[PDB]
Amino acid sequence: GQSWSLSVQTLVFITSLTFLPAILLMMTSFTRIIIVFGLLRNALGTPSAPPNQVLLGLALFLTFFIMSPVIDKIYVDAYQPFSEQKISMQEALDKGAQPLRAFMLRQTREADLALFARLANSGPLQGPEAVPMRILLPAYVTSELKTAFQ
Amino acid sequence: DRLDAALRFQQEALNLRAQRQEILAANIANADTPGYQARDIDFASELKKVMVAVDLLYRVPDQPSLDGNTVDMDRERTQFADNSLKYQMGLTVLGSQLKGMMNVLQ
Amino acid sequence: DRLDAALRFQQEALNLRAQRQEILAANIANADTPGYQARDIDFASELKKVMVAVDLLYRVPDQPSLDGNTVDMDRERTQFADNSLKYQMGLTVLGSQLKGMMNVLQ
Amino acid sequence: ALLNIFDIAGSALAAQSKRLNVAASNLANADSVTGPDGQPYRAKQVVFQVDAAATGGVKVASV
Amino acid sequence: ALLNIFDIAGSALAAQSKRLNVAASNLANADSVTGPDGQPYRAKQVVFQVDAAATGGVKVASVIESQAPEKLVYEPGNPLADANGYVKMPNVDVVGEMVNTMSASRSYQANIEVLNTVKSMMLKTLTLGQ
Amino acid sequence: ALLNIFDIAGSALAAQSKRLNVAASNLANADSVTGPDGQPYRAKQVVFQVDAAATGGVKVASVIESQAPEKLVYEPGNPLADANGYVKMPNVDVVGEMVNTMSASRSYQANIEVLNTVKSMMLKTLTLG
Amino acid sequence: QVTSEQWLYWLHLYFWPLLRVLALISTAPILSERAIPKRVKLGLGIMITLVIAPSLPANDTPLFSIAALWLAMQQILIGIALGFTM
Amino acid sequence: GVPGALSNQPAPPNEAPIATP
Amino acid sequence: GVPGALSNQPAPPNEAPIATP
Amino acid sequence: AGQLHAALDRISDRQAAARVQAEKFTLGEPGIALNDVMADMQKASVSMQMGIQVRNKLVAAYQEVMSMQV
Amino acid sequence: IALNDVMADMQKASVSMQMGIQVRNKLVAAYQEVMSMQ
Amino acid sequence: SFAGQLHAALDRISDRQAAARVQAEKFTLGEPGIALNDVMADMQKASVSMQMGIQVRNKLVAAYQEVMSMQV
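By the method listed in its record, cryo-EM, this PDB entry was determined to a resolution of 3.67 Å.

Laid out in structure tokens, this is it:
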């Protein structure tokens with residue numbers, strides 16, 4: 001179909017890059033690792049025995065090592081058509097978001113999904129299919145918090 | 001890539017306008033040489049072909065002359081003015097587009 | 001020193017443009033002195049030599065003149081205009097390069 | 001492809017100046033009985049040419 | 001298109017130049033005789049027409065020979081003389097040609113002035129595109 | 001909203017351009033005769049109306065032939081001559097056409113200046129913050 | 001089309017319930033301790049917005065000074081009450 | 001066709017015979 | 001060479017003899 | 001909250017239409033009076049400026065709301 | 001609608017957001033200080 | 001693949017700048033076939049690319065500092 005122009009493409013790209021830190025790291029990838037590292041540091045009985053900078057660096061390294069397959073798949077399914085300009089962003093965003101949502105669904109929990117569906121009056125159905133963004137993200141956040149505490 | 005594609009048409013229009021200006025200057029400078037045929041290019045076809053050396057074709061003579069020359073001063077001057085104005089317009093459009101593309105980065 | 005050389009290419013181009021402009025102005029001012037020889041320099045070879053103390057060549061005359069003056073007017077006027085335009089082009093290229101280098105440090 | 005305009009126009013200016021000089025010389029020597037050697041004066045005129053390295057400026061071949 | 005003004009003015013200039021050239025040729029051939037192949041010379045005029053693209057430029061379809069009778073001058077010593085000993089001199093109206101030249105010059109100057117003004121306006125137009 | 005000034009000025013520019021084009025065509029065909037299909041050329045004028053949609057810009061309703069008397073030239077030596085040997089010549093006033101041209105040029109320049117001023121003011125409003 | 005969505009109206013309906021939810025999170029440090037990073041703690045309010053920021057039944061007039069002071073004082077009490085009882 | 005247009009071929013050379021051949 | 005070009009050595013003097021010896 | 005998406009799509013369509021009209025005029029076929037193209041170019045530039053200002057204002061607001069300290 | 005009107009509306013929204021955020025941050029900082037102090 | 005992509009982006013930017021520089025250098029020495037408008041347009045495009053690159057760098061480094069200055 002049709003698509004918008006280079007100027008607005010750059011504008012939305014820069015806005016997305018601005019939003020990048022929180023949306024892709026804090027609520028998507030490794031909020032559990034830093035929590036568990038803080039728990040270990042408090043269990044050691046000495047506050048800030050390892051530097052916070054080194055803790056964050058190790059957490060980021062482990063996060064990228066873990067997410068390397070998923071990040072590689074996202075890079076493929078996004079850049080490969082987009083670099084050669086074969087598709088438009090209106091579908092490229094969905095194509096790049098689908099694998100991430102599929103990965104996150106396993107980490108989410110059925111009880112959290114059901115409670116949020118009850119809150120947001122969404123169709124439960126017997127077979128899960130394309131859980132909306134409004135419901136999927138908070139369930140992942142709370143499930144990660146629960147497993148981090150465990 | 002995308003940046004080059006956004007400006008390719010305007011850049012090629014500018015280049016073709018410059019080439020046609022050179023052709024007009026040459027065939028207005030040769031206004032006294034007998035046996036010299038007027039030259040010019042089909043701008044629309046040239047631009048469409050380049051966006052998809054340079055092809056040039058002779059001009060239809062206006063009035064006969066014994067020596068053989070076939071250039072008409074008023075016609076050449078009108079074509080020169082038109083091409084100059086269109087070149088200026090193309091330059092202005094390109095400058096505005098580049099200014100907007102630069103401004104989008106703030 | 002990398003910055004020195006990178007700007008040095010254009011700086012030397014501008015310097016040679018200024019020298020050629022000065023020589024053109026001199027042979028314009030002395031355009032009516034009998035027994036005068038038109039002087040000019042070869043910009044390309046001079047720039048090559050400087051990149052890798054300036055020699056000047058006698059311009060080839062076009063028409064005889066009894067008073068021994070060989071400096072034409074039209075050819076050197078066109079040369080003056082061309083040199084001024086190229087000097088301005090070099091100036092704006094150098095300015096753009098310097099501004100691009102500067103704005104990175106912001 | 002825009003710096004050749006100066007060359008073309010300068011060539012045209014030079015050719016026109018040469019033609020004007022030849023015309024002035026003819027008008028001046030319209031009634032010259034003889035030259036230096038002794039042969040009678042004969043009218044002269046230029047012969048233009050196309051200065052193409054394809055078309056370009058005009059160029060005077062000879063007189 | 002705001003650019004057909006140049007086309008209209010150029011067509012007007014070309015037409016005026018054609019008419020002036022025809023008038024000058026007639027003045028040059030005012031007292032000529034026995035052109036190529038012996039046929040007597042006849043004067044010519046031009047007809048202006050408008051190009052209905054409404055409003056449009058001017059064109060000259062073709063040059064039309066004058067139907068005014070030629071001058072018959074008695075001179076049997078010329079081989080062109082017919083059985084009555086008459087030669088056919090061309091019909092040239094000197095005053096008419098002078099008036100035509102004056103009109104052509106005035107129209108040419110008016111059109112060049114119009115071109116000057118419209119060129120200034122168009123040059124000033126582009127300042128708002130930035 | 002200050003944005004409708006662009007529409008108003010664009011309409012004004014279009015009207016002035018059309019008026020200038022008509023005047024230039026009249027000047028070019030002032031001496032023309034025997035238009036296509038034989039009907040002599042007639043001087044044309046425009047009509048300006050307000051494009052109310054209160055107050056608003058100027059549009060051109062149509063083009064109308066002027067009803068000034070049509071000139072005649074006595075030339076029997078011409079196939080277009082009528083029963084009395086008169087060839088019809090259009091009623092074009094060169095001074096009137098030139099004055100129209102000058103006035104149209106001045107109005108066009110004034111309107112483009114208005115457009116630039118409004119553009120500057122709107123950019124200032126954008127950069128208010 | 002150059003038009004507005006009444007950003008002022010959305011301000012006091014699309015983000016008003018955020019203060020109550022964030023108040024409980026601050027009022028429940030046992031369920032969410034300093035071991036959880038402060039940065040995520042800041043994001044704890046905005047993650048639930050995607051479910052609570054959109055159209056909700058509870059809406060009212062905008063707040064400034066006098067209106068804000070009373071409503072904020074009353075609304076934090078609900079967050080304070082629920083947190084400590086747990 | 002119409003003067004001033006674009007053609008792909010040159011016009012034939014001009015000549016002015018003083019007397020017919 | 002061509003007029004207007006550049007060359008290493010200057011032009012020869014120009015003279016206008018009234019009568020050739 | 002797709003209204004911003006709709007607005008940016010609309011302004012992009014407007015400026016793309018202006019570019020298309022400019023290209024059509026430069027193609028050398030009579031459909032444009034050299035005034036409509038310039039007016040459309042100015043309007044597209046103004047709309048794009050409004051859009052980028054809105055983006056800056058919105059990202060500043062997001063930065064401020066994220067900078068909270070609970 | 002008017003461009004000046006929409007700009008004024010954006011300014012109003014920004015100012016109100018700033019006011020609300022500052023009030024909430026001050027209140028939560030005071031509450032946190034109260035909780036920290038015995 | 002992150003450092004490789006970043007190096008590819010830098011490679012493209014530097015290559016475009018070098019192409020603009022060599023084209024300008026070829027023009028200023030008198031070689032025919034190079035157009036002043038063409039070289040100016042190429043230089044402007046190179047400058048725009050560099051500005052986009054520095055904007056991306058600033059955004060990325062600001063995000064990095066914000067995400068690694070927090071306390072866990």
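Still more ground to cover, so stick around.
S.K.: Just give me the short version of the overall build of chain L, but keep the residues and values in it.
M.R.: Within chain L, the regular secondary structure consists of two helices and zero strands. In summary, chain L has a C-alpha radius of gyration of 18 Å against a globular reference of 11 Å for 72 residues, an excess of more than 25%. Principal axes of the C-alpha set define a box for chain L whose edges measure 65 × 20 × 15 Å. Considering chain L as a whole, with its 72 residues, one finds that 36% of them fall into the buried category. When the accessible surface of chain L is totalled, it reaches about 4,100 Å², and 61% of it is carbon and sulfur. Each charge class in chain L was averaged separately, 7 positive and 7 negative side chains, and the resulting centres sit 6 Å apart.

S.K.: Give a description of the interface of chain E and chain F that names residues and reports values.
M.R.: Note: interface size is frequently given as the accessible area lost on complex formation between the parts. Contacts between the two partners involve 29 residues from chain E, matched on the other side by 24 residues from chain F. The tally of links from chain E across to chain F stands at zero salt bridges. Summed over the shared surface of chain E and chain F, the number is five residue pairs in polar contact. Counting residues per element, the ones that place at least two in the side of chain E that touches chain F are α1 (4–28), β1 (44–50) and α2 (94–125) of chain E. Here the residues of the side of chain E that touches chain F are counted per class, giving 14 nonpolar, 12 polar and three charged.

S.K.: Give me the lowdown on the sheet that holds strand β1 (residues 39–40) of chain C, citing residues and values where you can.
M.R.: Hydrogen bonds along the backbone pair up the strands of a sheet, which may run parallel or antiparallel. The strand order β1(C)-β2(C)-β1(I) describes an open sheet built from three strands, whose pairing is antiparallel. Every interior strand has two partners, whereas the edge strands, β1 of chain C together with β1 (6–7) of chain I, have only one. Note: β1 of chain C against strand β2 (residues 57–59) of chain C, two bridges, orientation antiparallel. Bridge pairing in β2 of chain C places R39 of chain C opposite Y58 of chain C.

S.K.: Before we move on, could you go through the nonpolar core and cite the residues and values that matter?
M.R.: Within the largest apolar cluster, 41 residues are counted, with the highest numbers of intra-cluster contacts made by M89 of chain B, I5 and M122 of chain E, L34 of chain J together with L3 of chain K. Of all the elements in the fold, those that place two or more residues in this core are α3 (73–103) of chain B, α1 and α2 of chain E, α1 (4–28) and α2 (94–126) of chain F, α1 (3–26) and α2 (36–66) of chain J together with α1 (3–36) of chain K. Counting 30 residues, the second-largest nonpolar core is a separate cluster that includes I34, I35 and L56 of chain A together with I36 of chain G.

S.K.: Can you break down empty space enclosed by the protein residue by residue, with the values?
M.R.: Each pocket or cavity is described by its volume, and for the largest cavity that value is around 150 Å³. Lining of the largest cavity is provided by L25, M26, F30, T31, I34, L56 and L60 of chain A, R39 and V40 of chain G together with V67, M68 and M70 of chain L. Among the elements of the structure, α1 (6–26), α2 (31–43) and α3 (52–83) of chain A, α3 (38–52) of chain G together with α2 (36–68) of chain L are those that each provide at least two residues to the lining of the largest cavity. Partitioned by chemical class, the residues of the lining of the largest cavity number 10 nonpolar, one polar and one charged.

S.K.: Describe the packing of α2 of chain J against α1 of chain K, naming the residues involved and giving the relevant values.
M.R.: Contact geometry of α2 of chain J with α1 of chain K gives a least axis separation of 10 Å together with a crossing angle of 10°. For the element pair α2 of chain J / α1 of chain K, the angle class is roughly parallel. On α1 of chain K, the residues that touch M50, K57, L58, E64 and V65 of chain J of α2 of chain J are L3, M10, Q11, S14, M17 and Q18 of chain K. For the contact of α2 of chain J with α1 of chain K, the class distribution of residues is six nonpolar, three polar and two charged.

S.K.: Provide a residue-level description of the side chain of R101 of chain A, including the pertinent values.
M.R.: Residues and elements named next belong to chain A. Considering the arrangement of structural elements, one finds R101 in helix α4 (residues 89–107). Buried charge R101 goes without a salt bridge, the closest partner of opposite sign being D94 at 8.8 Å. Every residue in contact with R101, bar those within four places of it in the chain, is listed here: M133, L136 and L137.

S.K.: Lay out the packing of aromatic side chains in plain terms, naming residues and giving numbers.
M.R.: As enumerated under the stated definition, the model contains five aromatic pairs over all chains in all. When the centroid spacing of 3.8 Å and the interplanar angle of 20° are considered together, the rings of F19 of chain A and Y62 of chain J count as stacked. Pair noted here: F19 of chain A is in helix α1 and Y62 of chain J is in helix α2, and the two residues belong to different chains. Seen from their ring centres, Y74 of chain E and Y86 of chain E are 6.1 Å apart, and the 75° between their planes marks the pair as edge-to-face. Pair noted here: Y74 of chain E is in strand β3 (residues 71–74) and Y86 of chain E is in strand β4 (residues 86–89), with a separation of 12 residues, a long-range link. Taking relative accessible area as the criterion, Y86 of chain E reaches 31% and is therefore assigned partly exposed. Between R2 of chain B and the ring centre of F82 of chain A, over which it is positioned, the NZ or CZ distance is 4.0 Å.

S.K.: Summarise the packing of α2 of chain A against helix α6 (residues 133–149) of chain A; cite the residues concerned and give the values.
M.R.: Residue and element names in this part refer to chain A. Contact geometry of α2 with α6 gives a least axis separation of 9 Å together with a crossing angle of 25°. One finds that α2 runs roughly parallel with respect to α6. Considering how the two elements wind past one another, α2 and α6 form a crossing that is right-handed. Contacts between α2 and α6 involve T31, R32 and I35 on the former and, on the latter, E144, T147 and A148. Among the residues making up the contact of α2 with α6, the classes are represented as two nonpolar, two polar and two charged.

S.K.: I'd like to hear about α6 of chain A, residue by residue, with values.
M.R.: Taking 1.5 Å of rise per residue, 17 residues should cover 24 Å, and α6 of chain A covers 25 Å from first to last C-alpha, within 8% of that figure. Buried residues of α6 of chain A: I135, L136, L137, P138, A139, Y140, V141, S143, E144 and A148 of chain A, and no others.

S.K.: Outline a nonpolar patch on the surface, listing residues and values.
M.R.: All names here are of chain E. Together, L27, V94, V95, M98 and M102 make up an exposed nonpolar region whose accessible area comes to about 460 Å². It is α2 that contributes the most residues to the nonpolar patch, four residues altogether. Relative to the elements of secondary structure, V95 occurs in helix α2.

Conventions and cut-offs
- Residues numbered from 1 in each chain as written, not as in the entry; some residues may be left out.
- Chains lettered and ligands numbered in written order.
- Part of a larger assembly, values for the part shown.
- Heavy atoms only, no water.
- Helix = DSSP H or I, 4+ residues; strand = E, 2+ residues; numbered from the N terminus.
- Rg over C-alpha atoms; globule rule 2.2 N^0.38 Å.
- Buried < 20%, exposed > 50% of the residue type's maximum accessible area, 1.4 Å probe, protein only.
- Areas by Shrake-Rupley, 256 points an atom, 1.4 Å probe, with all protein chains shown as cover.
- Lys, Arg positive; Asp, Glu negative; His and termini not counted.
- Charge placed at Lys NZ, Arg CZ, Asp CG, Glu CD.
- Contact = heavy atoms within 4.5 Å.
- Salt bridge = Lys/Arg side-chain N within 4 Å of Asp/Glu carboxyl O.
- Polar contact = N/O pair within 3.5 Å; in protein donor to acceptor, adjacent residues only side chain to side chain.
- Nonpolar A, V, L, I, M, F, W, Y, C, P; charged D, E, K, R; others polar.
- Pairing = 2+ DSSP bridges.
- Core = buried A, V, L, I, M, F, W, Y, C linked by side-chain atoms within 4.5 Å.
- 1 Å grid on protein atoms, 1.4 Å probe; cavity = no way out; pocket = protein on both sides within 12 Å on 5 of 7 lines; lining within 4 Å.
- Points joined across faces, edges and corners; volume = space filled by probe spheres on them.
- Axes fitted to C-alpha atoms, helices over the stretch in contact; angles between N-to-C directions.
- Parallel < 35°, antiparallel > 145°, perpendicular 65-115°, else oblique.
- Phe/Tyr/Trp six-rings, centres within 6.5 Å; stacked < 30°, edge-to-face > 60°.
- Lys NZ or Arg CZ within 6 Å of the ring centre and 35° of its normal.
- Left-handed = near helix turned anticlockwise from the far one by under 90°.
- Expected span 1.5 Å × (residues − 1).
- Patch = residues over 30% accessible without salt bridge, like charges linked within 9 Å, V, L, I, M, F, W, Y side chains within 5 Å.

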